[PDB]
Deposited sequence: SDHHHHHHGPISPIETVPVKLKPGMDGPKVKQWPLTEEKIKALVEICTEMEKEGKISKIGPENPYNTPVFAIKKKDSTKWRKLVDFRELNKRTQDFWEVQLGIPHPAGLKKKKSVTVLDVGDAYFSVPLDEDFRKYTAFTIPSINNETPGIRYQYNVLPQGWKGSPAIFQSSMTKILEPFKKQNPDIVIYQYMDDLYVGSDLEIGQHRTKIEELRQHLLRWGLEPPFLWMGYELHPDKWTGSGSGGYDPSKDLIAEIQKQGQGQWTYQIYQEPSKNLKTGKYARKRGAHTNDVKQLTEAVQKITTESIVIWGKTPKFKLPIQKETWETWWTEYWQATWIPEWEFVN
């Protein structure tokens, strides 16, 4: 059985142009998509489908596909965050996005997930999803019940570990001694493999220590500003009303966009840990300079919204 999904009343699906990619990124995307197609997760389509969402490829040997569903997400219907996560000595971020590929996507909604692998030449290759896609806000919401069953035996044996999922990421928090924390993360990886997950980047662990980090309305949106200082030094604030800050910080570095891009990722990760939401950024940089370079330094599996200022 599949979950029926609608766009928000009054909205059509996304029609976002694919941006130019290097020959190397295209090659990688073609191999990834060929295998997804073989595996039935996507299907080729033609120009009868008017929708489109951008795709590119990142490196964290192996490229990873990254579909920029920011517009589709804004257009999709609406469907818990642990307060203790930010309190844990260590939080390790795992990538598990391959998990969504086992659940079919409402046949009526598939057309809206269309994307285009550009070509060096010709228009390029168009596909749409048949299965819950990575990066789409409905996929965790539909899969939520199944991931609870998968995690439940592990949570039962480890009641003091906090596990929180945001999109493709699992955030796993413990107060254990660092060696023991890391060994428990491997135990969780192996638990997931025994339940069928085979995510190619699961082996990596991105390690946070939020207890060492520096009035919130869930309905409200989080906003982040960033200011360039100097010699690789940036400052930021997260708020909801410009005066009433919820967090402030500094990131320290090479070029600016690369540093700004790392700062944006770091700030978003903190927001996800603290509140479970990505903020909307006000970026101190020119649109065209940002757009030329940010994908060269992006390593996250999500993408926040941004504006330029």
Original post:
Numbering the deposited sequence from 1, which residue ranges have no coordinates here?
Top reply: 1-14, 75-77, 97-103, 146-147, 241-245, 285-289, 346
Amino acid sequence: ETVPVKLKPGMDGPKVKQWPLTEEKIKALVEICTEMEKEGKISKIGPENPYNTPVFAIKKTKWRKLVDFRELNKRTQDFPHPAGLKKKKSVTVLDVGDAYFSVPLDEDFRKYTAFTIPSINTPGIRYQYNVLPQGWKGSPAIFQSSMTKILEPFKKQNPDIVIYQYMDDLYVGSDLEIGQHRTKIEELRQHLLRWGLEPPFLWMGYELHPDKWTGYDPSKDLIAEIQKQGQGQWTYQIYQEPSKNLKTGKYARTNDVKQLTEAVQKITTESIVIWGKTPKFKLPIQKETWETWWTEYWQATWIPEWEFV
From here on, numbers count along this sequence of modelled residues.
Subject >> Stretch with the greater mean C-alpha B-factor as recorded in the entry, comparing 179-187 against 150-158 >> reply: 150-158
**OP:** Identify the stretch, either 141-149 or 69-77, whose C-alpha atoms have the larger mean B-factor according to the entry.
**Re:** 141-149
Original post:
If you check the C-alpha B-factor for each of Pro118, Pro210, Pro218, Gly173 in the entry, which is highest?
Top reply: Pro218
Subject >> Highest recorded Cα temperature factor - choice among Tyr166, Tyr129, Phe101, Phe109 >> reply: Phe101
Original post:
When the modelled residues of the chain are sorted by Cα temperature factor, does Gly135 land in the lowest, middle or highest third?
Top reply: lowest
Original post:
Compared with the other modelled residues in the chain, in which third is the CA B-factor of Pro54?
Top reply: lowest
Original post:
Once the chain's modelled residues are ordered by C-alpha B factor and cut into thirds, is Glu1 in the lowest, middle or highest one?
Top reply: highest
**OP:** Could you look up the Cα B-factor of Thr34 in the entry and say which third of the chain it sits in: lowest, middle or highest?
**Re:** middle
**OP:** Check where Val91 lands among this chain's C-alpha B-factors and tell me if it's the lowest, middle or highest third.
**Re:** lowest
